[PDB]
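Enquirer: Sending over model27.txt (compact mmCIF, C-alpha atoms and all ligand atoms).
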# COMPACT_ATOMS: atom_id res chain seq x y z
CA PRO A 1 3.00 -15.89 -9.93
CA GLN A 2 -0.51 -14.47 -9.61
CA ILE A 3 -1.30 -13.29 -6.08
CA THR A 4 -4.82 -13.00 -4.72
CA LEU A 5 -5.34 -10.46 -1.95
CA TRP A 6 -7.26 -12.57 0.57
CA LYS A 7 -4.08 -12.41 2.69
CA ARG A 8 -1.27 -9.87 2.93
CA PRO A 9 0.96 -10.14 -0.19
CA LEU A 10 4.14 -11.04 1.71
CA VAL A 11 7.18 -12.21 -0.26
CA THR A 12 10.72 -13.21 0.64
CA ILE A 13 13.46 -10.78 -0.39
CA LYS A 14 17.25 -11.04 -0.36
CA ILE A 15 19.02 -7.74 0.32
CA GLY A 16 22.62 -7.31 1.44
CA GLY A 17 23.01 -11.03 2.00
CA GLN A 18 20.05 -11.00 4.41
CA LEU A 19 16.69 -12.74 4.06
CA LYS A 20 13.55 -10.76 4.88
CA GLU A 21 9.83 -10.75 4.13
CA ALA A 22 8.35 -7.64 2.54
CA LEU A 23 4.94 -6.37 1.47
CA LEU A 24 4.32 -5.87 -2.24
CA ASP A 25 2.74 -2.42 -1.91
CA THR A 26 1.16 -0.82 -4.97
CA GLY A 27 0.30 2.18 -2.80
CA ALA A 28 3.97 2.91 -2.13
CA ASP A 29 6.03 4.88 -4.64
CA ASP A 30 9.37 3.80 -3.10
CA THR A 31 10.76 0.92 -1.05
CA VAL A 32 11.00 1.28 2.74
CA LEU A 33 12.57 -1.39 4.96
CA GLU A 34 12.81 -1.85 8.70
CA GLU A 35 16.08 -1.12 10.48
CA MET A 36 19.01 -3.08 9.06
CA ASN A 37 22.65 -2.58 8.09
CA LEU A 38 23.28 -1.72 4.46
CA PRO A 39 26.63 -1.08 2.76
CA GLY A 40 27.58 2.28 1.31
CA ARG A 41 26.83 5.94 1.84
CA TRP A 42 23.31 7.24 2.50
CA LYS A 43 21.53 10.60 2.64
CA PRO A 44 18.91 11.66 5.21
CA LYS A 45 15.33 12.06 4.05
CA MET A 46 11.82 12.37 5.46
CA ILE A 47 8.90 10.39 4.03
CA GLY A 48 5.21 10.85 4.76
CA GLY A 49 2.43 8.33 5.25
CA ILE A 50 -0.61 7.77 7.44
CA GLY A 51 0.03 9.30 10.86
CA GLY A 52 2.77 11.71 9.79
CA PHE A 53 6.40 11.50 8.72
CA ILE A 54 9.50 9.49 9.63
CA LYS A 55 13.21 10.00 9.05
CA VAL A 56 14.84 7.38 6.81
CA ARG A 57 18.23 6.82 5.18
CA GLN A 58 18.18 6.84 1.38
CA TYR A 59 20.33 4.13 -0.23
CA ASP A 60 20.77 4.22 -4.01
CA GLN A 61 21.52 1.40 -6.45
CA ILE A 62 20.73 -1.40 -3.99
CA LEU A 63 20.20 -4.94 -5.29
CA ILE A 64 17.22 -6.96 -4.06
CA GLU A 65 16.03 -10.41 -5.14
CA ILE A 66 12.25 -10.29 -4.71
CA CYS A 67 10.76 -13.79 -4.86
CA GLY A 68 13.50 -14.88 -7.25
CA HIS A 69 13.38 -11.70 -9.36
CA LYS A 70 16.36 -9.34 -9.22
CA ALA A 71 16.05 -5.55 -9.16
CA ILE A 72 18.20 -2.54 -8.29
CA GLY A 73 16.88 0.78 -7.04
CA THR A 74 16.66 3.22 -4.17
CA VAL A 75 15.88 1.69 -0.78
CA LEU A 76 14.84 3.69 2.29
CA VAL A 77 15.77 2.39 5.76
CA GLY A 78 13.91 3.66 8.80
CA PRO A 79 11.26 3.08 11.48
CA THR A 80 8.62 1.58 9.22
CA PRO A 81 6.38 -0.92 11.06
CA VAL A 82 6.49 -3.25 8.02
CA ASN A 83 8.91 -3.89 5.16
CA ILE A 84 7.44 -2.36 1.99
CA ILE A 85 8.31 -2.95 -1.67
CA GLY A 86 7.33 0.23 -3.51
CA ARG A 87 6.44 0.92 -7.12
CA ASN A 88 10.06 1.81 -7.93
CA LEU A 89 10.99 -1.88 -7.61
CA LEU A 90 7.63 -3.43 -8.51
CA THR A 91 7.95 -2.05 -12.04
CA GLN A 92 11.35 -3.70 -12.51
CA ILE A 93 10.07 -7.23 -11.85
CA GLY A 94 7.01 -6.54 -14.01
CA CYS A 95 4.17 -6.42 -11.50
CA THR A 96 0.65 -5.52 -12.61
CA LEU A 97 -2.74 -5.13 -10.95
CA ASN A 98 -5.49 -7.13 -12.64
CA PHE A 99 -9.22 -7.05 -11.92
CA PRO B 1 -8.43 -3.81 -16.31
CA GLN B 2 -4.67 -4.41 -16.16
CA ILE B 3 -2.87 -1.57 -14.36
CA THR B 4 0.85 -0.93 -14.66
CA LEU B 5 2.62 0.57 -11.65
CA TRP B 6 4.65 3.30 -13.38
CA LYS B 7 2.09 5.80 -12.06
CA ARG B 8 -0.12 5.76 -8.98
CA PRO B 9 -2.86 3.12 -9.45
CA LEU B 10 -5.74 5.58 -9.06
CA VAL B 11 -9.33 4.61 -9.81
CA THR B 12 -12.66 6.42 -9.80
CA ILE B 13 -14.93 5.23 -6.99
CA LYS B 14 -18.62 5.81 -6.27
CA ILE B 15 -19.51 5.89 -2.57
CA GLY B 16 -22.53 7.48 -0.92
CA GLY B 17 -23.58 9.30 -4.07
CA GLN B 18 -20.16 11.00 -4.29
CA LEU B 19 -17.48 10.53 -6.94
CA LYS B 20 -13.90 10.31 -5.70
CA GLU B 21 -10.46 9.09 -6.76
CA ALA B 22 -8.82 6.35 -4.70
CA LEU B 23 -5.52 4.46 -4.70
CA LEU B 24 -5.65 0.69 -5.20
CA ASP B 25 -3.34 -0.15 -2.29
CA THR B 26 -2.22 -3.74 -1.83
CA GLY B 27 -0.25 -2.65 1.23
CA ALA B 28 -3.39 -1.59 3.10
CA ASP B 29 -5.46 -4.13 5.02
CA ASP B 30 -8.43 -1.75 5.24
CA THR B 31 -10.12 0.88 3.09
CA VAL B 32 -9.48 4.39 4.45
CA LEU B 33 -11.17 7.48 3.03
CA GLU B 34 -10.93 11.19 3.73
CA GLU B 35 -13.71 12.81 5.72
CA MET B 36 -17.29 12.18 4.55
CA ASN B 37 -20.65 10.96 5.86
CA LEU B 38 -21.96 7.40 5.40
CA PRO B 39 -25.01 5.55 6.74
CA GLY B 40 -25.56 3.36 9.77
CA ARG B 41 -24.08 3.40 13.24
CA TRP B 42 -20.31 3.70 13.58
CA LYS B 43 -17.73 2.89 16.24
CA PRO B 44 -14.44 4.74 16.81
CA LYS B 45 -11.15 3.06 15.98
CA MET B 46 -7.48 3.96 15.64
CA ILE B 47 -5.30 2.80 12.75
CA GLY B 48 -1.53 2.96 12.38
CA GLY B 49 0.73 3.83 9.47
CA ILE B 50 4.30 4.82 8.63
CA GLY B 51 4.13 8.07 10.60
CA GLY B 52 2.10 6.94 13.58
CA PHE B 53 -1.65 6.68 14.03
CA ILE B 54 -4.89 8.46 13.12
CA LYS B 55 -8.40 8.32 14.56
CA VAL B 56 -11.14 7.01 12.25
CA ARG B 57 -14.86 6.23 12.30
CA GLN B 58 -15.49 2.59 11.40
CA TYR B 59 -18.46 2.15 9.04
CA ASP B 60 -19.57 -1.40 8.24
CA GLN B 61 -21.59 -2.71 5.30
CA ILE B 62 -20.86 0.34 3.13
CA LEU B 63 -21.32 0.07 -0.63
CA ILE B 64 -18.51 1.25 -2.91
CA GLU B 65 -18.38 1.05 -6.72
CA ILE B 66 -14.71 0.78 -7.71
CA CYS B 67 -14.25 1.27 -11.46
CA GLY B 68 -17.70 -0.17 -12.08
CA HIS B 69 -17.20 -3.13 -9.74
CA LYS B 70 -19.50 -3.14 -6.72
CA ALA B 71 -18.47 -4.26 -3.24
CA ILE B 72 -19.78 -3.90 0.31
CA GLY B 73 -17.49 -3.86 3.32
CA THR B 74 -16.02 -1.87 6.16
CA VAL B 75 -14.93 1.66 5.25
CA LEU B 76 -12.87 3.77 7.66
CA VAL B 77 -13.22 7.56 7.41
CA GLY B 78 -10.61 9.88 8.86
CA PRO B 79 -7.70 12.25 8.23
CA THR B 80 -5.96 10.08 5.66
CA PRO B 81 -3.93 12.10 3.13
CA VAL B 82 -5.17 9.91 0.26
CA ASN B 83 -8.18 7.70 -0.36
CA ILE B 84 -7.04 4.09 -0.01
CA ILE B 85 -8.77 0.94 -1.24
CA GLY B 86 -7.55 -1.81 1.06
CA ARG B 87 -7.48 -5.55 0.61
CA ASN B 88 -10.84 -5.83 2.38
CA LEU B 89 -12.43 -4.43 -0.79
CA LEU B 90 -9.83 -5.47 -3.38
CA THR B 91 -10.68 -9.14 -2.82
CA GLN B 92 -14.33 -8.39 -3.63
CA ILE B 93 -13.49 -6.99 -7.09
CA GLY B 94 -11.16 -9.88 -7.86
CA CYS B 95 -7.91 -7.89 -7.81
CA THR B 96 -4.63 -9.78 -8.14
CA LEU B 97 -0.95 -8.92 -8.37
CA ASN B 98 0.74 -10.50 -11.39
CA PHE B 99 4.42 -10.65 -12.28
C1 LIG C 101 -0.14 8.26 0.98
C2 LIG C 101 -0.57 6.87 0.54
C3 LIG C 101 -0.18 5.70 1.48
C4 LIG C 101 -0.65 5.90 2.92
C5 LIG C 101 1.34 5.45 1.41
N1 LIG C 101 1.79 4.29 2.18
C6 LIG C 101 1.63 2.96 1.56
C7 LIG C 101 0.43 2.18 2.15
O1 LIG C 101 0.21 1.00 1.37
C8 LIG C 101 0.62 1.73 3.61
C9 LIG C 101 1.61 0.55 3.76
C10 LIG C 101 1.82 0.17 5.20
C11 LIG C 101 1.46 -1.09 5.68
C12 LIG C 101 1.67 -1.40 7.01
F1 LIG C 101 1.31 -2.62 7.45
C13 LIG C 101 2.23 -0.50 7.90
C14 LIG C 101 2.58 0.74 7.40
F2 LIG C 101 3.13 1.64 8.24
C15 LIG C 101 2.39 1.10 6.08
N2 LIG C 101 -0.67 1.37 4.16
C16 LIG C 101 -1.19 1.90 5.29
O2 LIG C 101 -0.75 2.85 5.90
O3 LIG C 101 -2.31 1.19 5.63
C17 LIG C 101 -3.05 1.58 6.80
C18 LIG C 101 -4.52 1.38 6.46
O4 LIG C 101 -4.73 -0.03 6.60
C19 LIG C 101 -3.97 -0.48 7.73
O5 LIG C 101 -3.36 -1.72 7.49
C20 LIG C 101 -1.94 -1.56 7.35
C21 LIG C 101 -1.57 -0.23 8.00
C22 LIG C 101 -2.87 0.59 7.98
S1 LIG C 101 3.16 4.51 3.16
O6 LIG C 101 3.51 3.19 3.71
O7 LIG C 101 2.85 5.63 4.03
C23 LIG C 101 4.50 5.00 2.07
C24 LIG C 101 5.32 4.02 1.52
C25 LIG C 101 6.36 4.40 0.68
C26 LIG C 101 6.59 5.75 0.39
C27 LIG C 101 7.73 6.12 -0.54
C28 LIG C 101 8.72 7.08 0.13
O8 LIG C 101 7.18 6.70 -1.71
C29 LIG C 101 5.75 6.72 0.95
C30 LIG C 101 4.71 6.35 1.79
Any chance you could put this one into C-alpha cells?
Expert:
Amino acid sequence: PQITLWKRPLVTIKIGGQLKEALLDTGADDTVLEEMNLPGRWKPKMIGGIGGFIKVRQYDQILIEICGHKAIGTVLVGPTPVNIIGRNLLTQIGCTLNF
Amino acid sequence: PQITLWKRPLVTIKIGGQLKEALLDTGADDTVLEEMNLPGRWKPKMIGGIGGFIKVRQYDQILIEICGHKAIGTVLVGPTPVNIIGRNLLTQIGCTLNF
C-alpha cells in the first residue's frame, strides 16, 4: 500500500502474539516499542533521541507481522511514548519514500 | 525521487539562504531544525521526544526548499540533534511511504 502523510502513518503489528499499532518511522534506525512482555533473553542498552536518552532492553531475532508483512530483527523495549518501526524492519518489508 | 531506507534518508534543504542536510522523518509530526534565525514573530513552545522534551521557537509561514521542492509551513528551531523534516512539510512535497 501507498501511504500519504496527511495523518500519522500508523499500522497494526503482531508481535509475541499481541496486537499493537506502531509508527512507520523513516527517521528511526531501529525499532522501539512501548513496555510489553517479550520472550527470551535481552541486553541493556541506551538509545538517544529528542530530549535525551532512555534505557531499553534489546531483543534480537524477534518476529513481527507489520500490516500483513513478516519480518525478523532487533526490537528495543522501553519508555518510548509511541511504538516505532525503525529502518531495520522497514527495509525487510520493502518500504520506500517517494516524492 | 525514490529513497530506500538502508541508509538515513537525508536530503539537502534550502532555508533562509542557508544550505543544510535534513532527515526525511515520517515519525515526526513537525519540522525541527537546529539553531538558526528565521523571519517573522515567533512564539515559544515545548516538544517531546524519546528522551524527554526540548524548548523550541515556533516560526510560522517559513519557506523551505527540500530537494528542489518548495513548501511553506511551521518550522521549529531548537536543540534538536538532527534536522528533521516532519509530516507538516512532507505532505507539501507529495511524499509517500510505499511497500
Ligand atoms: C535523531 C533523529 C530522531 C529524533 C530519531 N527519532 C525518530 C523520530 O522520528 C521521532 C519519532 C517519535 C515520535 C513520537 F510520536 C514520539 C517519540 F518519542 C519519537 N520523532 C520525534 O522525536 O519527533 C518530535 C518532533 O515532532 C514531534 O512529533 C512527534 C514527537 C516530536 S527517535 O524516536 O529519537 C529514535 C528512534 C529509534 C532509534 C533507534 C535506536 O535507532 C533511535 C532514535
Enquirer: Between CA of residue 98 in chain B and CA of residue 67 in chain B, what is the distance in Å, rounded to a tenth?
Expert: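 Those two atoms sit 19.1 Å apart.
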Enquirer: So that I can see what lies close to residue 95 in chain A, please list as a ChimeraX atom specification the residues with an atom at most 8 Å from it, counting all atoms listed in the file and leaving out residues fewer than 2 positions away in the same chain.
Expert: /A:90-93,97 /B:4-5,97-99
Enquirer: Which polymer residues, protein or nucleic acid, are no farther than 8 Å from (-21.2, 6.9, -0.5), counting all atoms listed in the file, as a PyMOL selection string?
Expert: chain B and resi 14-18+37-38+62-64
Enquirer: Grab the residues selected above and save them as an mmCIF file, keeping the file's coordinate frame with C-alpha atoms.
Expert:
data_model
loop_
_atom_site.group_PDB
_atom_site.id
_atom_site.type_symbol
_atom_site.label_atom_id
_atom_site.label_comp_id
_atom_site.auth_asym_id
_atom_site.auth_seq_id
_atom_site.Cartn_x
_atom_site.Cartn_y
_atom_site.Cartn_z
ATOM 1 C CA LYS B 14 -18.620 5.810 -6.270
ATOM 2 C CA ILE B 15 -19.510 5.890 -2.570
ATOM 3 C CA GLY B 16 -22.530 7.480 -0.920
ATOM 4 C CA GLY B 17 -23.580 9.300 -4.070
ATOM 5 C CA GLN B 18 -20.160 11.000 -4.290
ATOM 6 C CA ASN B 37 -20.650 10.960 5.860
ATOM 7 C CA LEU B 38 -21.960 7.400 5.400
ATOM 8 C CA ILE B 62 -20.860 0.340 3.130
ATOM 9 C CA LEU B 63 -21.320 0.070 -0.630
ATOM 10 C CA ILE B 64 -18.510 1.250 -2.910
#
Enquirer: Which residue gives the smallest distance to ligand LIG 101 (chain C) among A:39, A:52, A:81, A:9, with all atoms listed in the file counted?
Expert: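 Of the candidates, the smallest distance to ligand LIG 101 (chain C) is held by A:81.
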Enquirer: Chain A near chain B within 9 Å: what's each residue's closest atom pair and its distance in Å to one decimal, counting all atoms listed in the file, ordered by chain then ascending residue number, as a Markdown table?
Expert:
| residue | atom | partner | partner_atom | distance |
| --- | --- | --- | --- | --- |
| A:1 | CA | B:99 | CA | 5.9 |
| A:2 | CA | B:98 | CA | 4.5 |
| A:3 | CA | B:97 | CA | 4.9 |
| A:4 | CA | B:96 | CA | 4.7 |
| A:5 | CA | B:91 | CA | 5.6 |
| A:6 | CA | B:91 | CA | 5.9 |
| A:7 | CA | B:87 | CA | 7.9 |
| A:8 | CA | B:29 | CA | 7.4 |
| A:9 | CA | B:26 | CA | 7.3 |
| A:23 | CA | B:27 | CA | 6.4 |
| A:24 | CA | B:27 | CA | 6.6 |
| A:25 | CA | B:27 | CA | 4.3 |
| A:26 | CA | B:25 | CA | 5.3 |
| A:27 | CA | B:25 | CA | 4.4 |
| A:28 | CA | B:27 | CA | 7.7 |
| A:29 | CA | B:8 | CA | 7.6 |
| A:47 | CA | B:51 | CA | 8.4 |
| A:48 | CA | B:51 | CA | 6.6 |
| A:49 | CA | B:50 | CA | 5.2 |
| A:50 | CA | B:49 | CA | 4.6 |
| A:51 | CA | B:52 | CA | 4.2 |
| A:52 | CA | B:51 | CA | 4.0 |
| A:53 | CA | B:51 | CA | 4.5 |
| A:54 | CA | B:51 | CA | 5.6 |
| A:79 | CA | B:50 | CA | 7.7 |
| A:80 | CA | B:50 | CA | 5.4 |
| A:81 | CA | B:50 | CA | 6.6 |
| A:82 | CA | B:50 | CA | 8.4 |
| A:84 | CA | B:27 | CA | 7.7 |
| A:87 | CA | B:5 | CA | 5.9 |
| A:88 | CA | B:6 | CA | 7.8 |
| A:90 | CA | B:5 | CA | 7.1 |
| A:91 | CA | B:5 | CA | 6.0 |
| A:93 | CA | B:99 | CA | 6.6 |
| A:94 | CA | B:99 | CA | 5.2 |
| A:95 | CA | B:99 | CA | 4.3 |
| A:96 | CA | B:4 | CA | 5.0 |
| A:97 | CA | B:97 | CA | 4.9 |
| A:98 | CA | B:2 | CA | 4.5 |
| A:99 | CA | B:95 | CA | 4.4 |
Enquirer: If you keep C-alpha atoms, can you produce a file of those selected residues as a PDB file, in the coordinates of the input?
Expert:
ATOM      1  CA  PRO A   1       3.000 -15.890  -9.930  1.00  0.00           C
ATOM      2  CA  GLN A   2      -0.510 -14.470  -9.610  1.00  0.00           C
ATOM      3  CA  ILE A   3      -1.300 -13.290  -6.080  1.00  0.00           C
ATOM      4  CA  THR A   4      -4.820 -13.000  -4.720  1.00  0.00           C
ATOM      5  CA  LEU A   5      -5.340 -10.460  -1.950  1.00  0.00           C
ATOM      6  CA  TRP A   6      -7.260 -12.570   0.570  1.00  0.00           C
ATOM      7  CA  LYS A   7      -4.080 -12.410   2.690  1.00  0.00           C
ATOM      8  CA  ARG A   8      -1.270  -9.870   2.930  1.00  0.00           C
ATOM      9  CA  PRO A   9       0.960 -10.140  -0.190  1.00  0.00           C
ATOM     10  CA  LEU A  23       4.940  -6.370   1.470  1.00  0.00           C
ATOM     11  CA  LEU A  24       4.320  -5.870  -2.240  1.00  0.00           C
ATOM     12  CA  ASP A  25       2.740  -2.420  -1.910  1.00  0.00           C
ATOM     13  CA  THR A  26       1.160  -0.820  -4.970  1.00  0.00           C
ATOM     14  CA  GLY A  27       0.300   2.180  -2.800  1.00  0.00           C
ATOM     15  CA  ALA A  28       3.970   2.910  -2.130  1.00  0.00           C
ATOM     16  CA  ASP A  29       6.030   4.880  -4.640  1.00  0.00           C
ATOM     17  CA  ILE A  47       8.900  10.390   4.030  1.00  0.00           C
ATOM     18  CA  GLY A  48       5.210  10.850   4.760  1.00  0.00           C
ATOM     19  CA  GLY A  49       2.430   8.330   5.250  1.00  0.00           C
ATOM     20  CA  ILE A  50      -0.610   7.770   7.440  1.00  0.00           C
ATOM     21  CA  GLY A  51       0.030   9.300  10.860  1.00  0.00           C
ATOM     22  CA  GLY A  52       2.770  11.710   9.790  1.00  0.00           C
ATOM     23  CA  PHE A  53       6.400  11.500   8.720  1.00  0.00           C
ATOM     24  CA  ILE A  54       9.500   9.490   9.630  1.00  0.00           C
ATOM     25  CA  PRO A  79      11.260   3.080  11.480  1.00  0.00           C
ATOM     26  CA  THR A  80       8.620   1.580   9.220  1.00  0.00           C
ATOM     27  CA  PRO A  81       6.380  -0.920  11.060  1.00  0.00           C
ATOM     28  CA  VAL A  82       6.490  -3.250   8.020  1.00  0.00           C
ATOM     29  CA  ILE A  84       7.440  -2.360   1.990  1.00  0.00           C
ATOM     30  CA  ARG A  87       6.440   0.920  -7.120  1.00  0.00           C
ATOM     31  CA  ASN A  88      10.060   1.810  -7.930  1.00  0.00           C
ATOM     32  CA  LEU A  90       7.630  -3.430  -8.510  1.00  0.00           C
ATOM     33  CA  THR A  91       7.950  -2.050 -12.040  1.00  0.00           C
ATOM     34  CA  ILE A  93      10.070  -7.230 -11.850  1.00  0.00           C
ATOM     35  CA  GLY A  94       7.010  -6.540 -14.010  1.00  0.00           C
ATOM     36  CA  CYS A  95       4.170  -6.420 -11.500  1.00  0.00           C
ATOM     37  CA  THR A  96       0.650  -5.520 -12.610  1.00  0.00           C
ATOM     38  CA  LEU A  97      -2.740  -5.130 -10.950  1.00  0.00           C
ATOM     39  CA  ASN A  98      -5.490  -7.130 -12.640  1.00  0.00           C
ATOM     40  CA  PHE A  99      -9.220  -7.050 -11.920  1.00  0.00           C
TER      41      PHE A  99
END
Enquirer: So, counting all atoms listed in the file, which residue among A:41, A:20, A:75, A:60 is closest to ligand LIG 101 (chain C)?
Expert: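 Closest residue, counting all atoms listed in the file: A:75.
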Enquirer: Hey, can you check how far CA of residue 12 in chain B sits from CA of residue 65 in chain B?
Expert: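 One can read the CA of residue 12 in chain B to CA of residue 65 in chain B distance as 8.4 Å.
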Enquirer: In terms of the shortest atom-to-atom distance over only C-alpha atoms and all ligand atoms, which of A:83, A:66, A:35, A:21 is closest to ligand LIG 101 (chain C)?
Expert: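 That would be A:83, the residue with the smallest distance to ligand LIG 101 (chain C).
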Enquirer: When you count only C-alpha atoms and all ligand atoms, which of these residues is closest to ligand LIG 101 (chain C): B:46, B:36, B:19, B:71?
Expert: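 Ranked by minimum distance to ligand LIG 101 (chain C), first place goes to B:46.
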Enquirer: Would you compute the distance between CA of residue 61 in chain B and CA of residue 78 in chain B? Give it in Å to one decimal.
Expert: 17.1 Å
Enquirer: Selecting N, CA, C and O atoms, how would range 42-62 of chain A from this structure be written as a short mmCIF file (atom, residue, chain, number, x, y, z; two decimals), in the first residue's frame?
Expert:
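So the final result, stored in selection-v7.cif, reads:
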data_model
loop_
_atom_site.label_atom_id
_atom_site.label_comp_id
_atom_site.auth_asym_id
_atom_site.auth_seq_id
_atom_site.Cartn_x
_atom_site.Cartn_y
_atom_site.Cartn_z
N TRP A 42 17.49 -10.69 26.97
CA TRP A 42 17.72 -9.35 26.47
C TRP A 42 19.00 -8.79 27.06
O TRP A 42 19.57 -9.35 28.00
N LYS A 43 19.47 -7.69 26.49
CA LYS A 43 20.66 -6.99 26.96
C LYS A 43 20.35 -5.51 27.14
O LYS A 43 19.68 -4.91 26.29
N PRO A 44 20.82 -4.89 28.22
CA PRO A 44 20.51 -3.47 28.43
C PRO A 44 21.22 -2.59 27.41
O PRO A 44 22.32 -2.90 26.94
N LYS A 45 20.56 -1.49 27.06
CA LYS A 45 21.12 -0.54 26.12
C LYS A 45 20.48 0.82 26.36
O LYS A 45 19.41 0.92 26.95
N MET A 46 21.15 1.86 25.88
CA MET A 46 20.67 3.23 25.98
C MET A 46 20.62 3.84 24.59
O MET A 46 21.61 3.81 23.85
N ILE A 47 19.46 4.38 24.23
CA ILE A 47 19.24 4.98 22.92
C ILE A 47 18.94 6.45 23.11
O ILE A 47 18.36 6.86 24.13
N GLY A 48 19.33 7.26 22.13
CA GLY A 48 19.17 8.70 22.19
C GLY A 48 18.18 9.20 21.16
O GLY A 48 18.07 8.66 20.06
N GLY A 49 17.45 10.24 21.54
CA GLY A 49 16.51 10.90 20.65
C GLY A 49 16.39 12.35 21.04
O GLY A 49 17.32 12.92 21.62
N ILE A 50 15.26 12.95 20.71
CA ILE A 50 14.98 14.32 21.09
C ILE A 50 14.62 14.35 22.57
O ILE A 50 13.72 13.62 23.01
N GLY A 51 15.32 15.17 23.33
CA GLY A 51 15.12 15.28 24.76
C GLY A 51 16.11 14.52 25.61
O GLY A 51 16.18 14.77 26.82
N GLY A 52 16.88 13.61 25.02
CA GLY A 52 17.90 12.90 25.76
C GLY A 52 18.05 11.43 25.41
O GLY A 52 18.11 11.07 24.24
N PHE A 53 18.08 10.58 26.43
CA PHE A 53 18.33 9.16 26.26
C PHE A 53 17.42 8.39 27.21
O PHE A 53 17.04 8.89 28.28
N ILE A 54 17.11 7.15 26.83
CA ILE A 54 16.30 6.25 27.64
C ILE A 54 16.96 4.89 27.66
O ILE A 54 17.70 4.52 26.75
N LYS A 55 16.69 4.12 28.72
CA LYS A 55 17.19 2.76 28.84
C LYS A 55 16.15 1.80 28.27
O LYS A 55 14.97 1.88 28.62
N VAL A 56 16.60 0.91 27.39
CA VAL A 56 15.73 -0.05 26.73
C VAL A 56 16.37 -1.43 26.83
O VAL A 56 17.55 -1.57 27.16
N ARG A 57 15.57 -2.45 26.55
CA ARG A 57 16.03 -3.84 26.54
C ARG A 57 16.09 -4.34 25.11
O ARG A 57 15.07 -4.35 24.41
N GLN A 58 17.28 -4.73 24.67
CA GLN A 58 17.49 -5.15 23.29
C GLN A 58 17.11 -6.62 23.13
O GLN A 58 17.68 -7.49 23.79
N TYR A 59 16.15 -6.89 22.25
CA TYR A 59 15.72 -8.24 21.90
C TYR A 59 16.10 -8.52 20.46
O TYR A 59 15.74 -7.75 19.56
N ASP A 60 16.81 -9.62 20.23
CA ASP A 60 17.28 -9.98 18.90
C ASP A 60 16.40 -11.06 18.29
O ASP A 60 15.78 -11.86 18.99
N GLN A 61 16.36 -11.08 16.96
CA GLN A 61 15.65 -12.10 16.20
C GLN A 61 14.20 -12.24 16.66
O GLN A 61 13.74 -13.33 17.03
N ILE A 62 13.48 -11.13 16.65
CA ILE A 62 12.08 -11.08 17.05
C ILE A 62 11.22 -10.95 15.80
O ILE A 62 11.48 -10.10 14.94
#
